[PDB]
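In the form deposited in one PDB entry, a lone chain appears below as structure tokens.
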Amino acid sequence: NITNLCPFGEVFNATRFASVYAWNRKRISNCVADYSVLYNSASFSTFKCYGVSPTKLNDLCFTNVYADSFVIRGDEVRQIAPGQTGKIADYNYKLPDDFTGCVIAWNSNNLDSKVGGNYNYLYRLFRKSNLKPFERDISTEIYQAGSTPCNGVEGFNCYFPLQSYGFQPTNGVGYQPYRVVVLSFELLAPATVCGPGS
């Protein structure tokens, strides 16, 4: 047969990455994907799967595959896993307990940090309740943290809910930027995302 290559390079080798609060989702369909040239890459700091081994995935077909990409701190990548809590997992990106997929991350200090601070990567600091799995929140309403209510203005108990990381190349490895890619293997529709093993 003849098929397009799944555009994973557009996801992993992108020069620009989204903020975790506004995490970008790419829906991949009608293509062939070699999931072990990904796994067998020296690129990644993190490559854990919660469904089936990458070797087993080049056997199966899926109707849709999602590539969620964003940037967080090093010591925050542990939150991108089922049953984790923290500012990122609670307020920015939440995986379900029944997560079927893989979480991939690598250090991007050489590209996402600059002297003086890279303020373009943000994460949600405040929220009334936790996010549900795979929900996205791009709201920017003033969050009232104290007794006083604010009428849309930033106060001492009333914050802008987003927070810049301030990535610098001199930061510690835990405070350095890491790019994350979450692949979710959905099976609903025609299964047109497959591996090269059939």
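Residue numbers run from 1 along the displayed sequence. Only the largest set of C-alpha atoms that superpose within 1.5 Å between the two forms is called the rigid core. Residues that one form lacks are left out of the comparison.
Another form exists, deposited in another entry; not displayed. Remarks below refer to it.
Only one of 41, 29, 163, 168 has its C-alpha shifted by 2 Å or more between the shown form and the other one once the core is superposed, and that residue is 41.
Relative to the superposed rigid core, residue 130 undergoes a CA displacement smaller than 2 Å between the shown form and the other one.
Positional change of residue 139 between the shown form and the other one stays under 2 Å at the C-alpha, relative to the superposed core. Legend: core-fitted overlay between the shown form and the other one; highlighted in sequence order are 36-42, 146-149, the runs of at least 3 consecutive residues with CA shifts of 2 angstroms or more.
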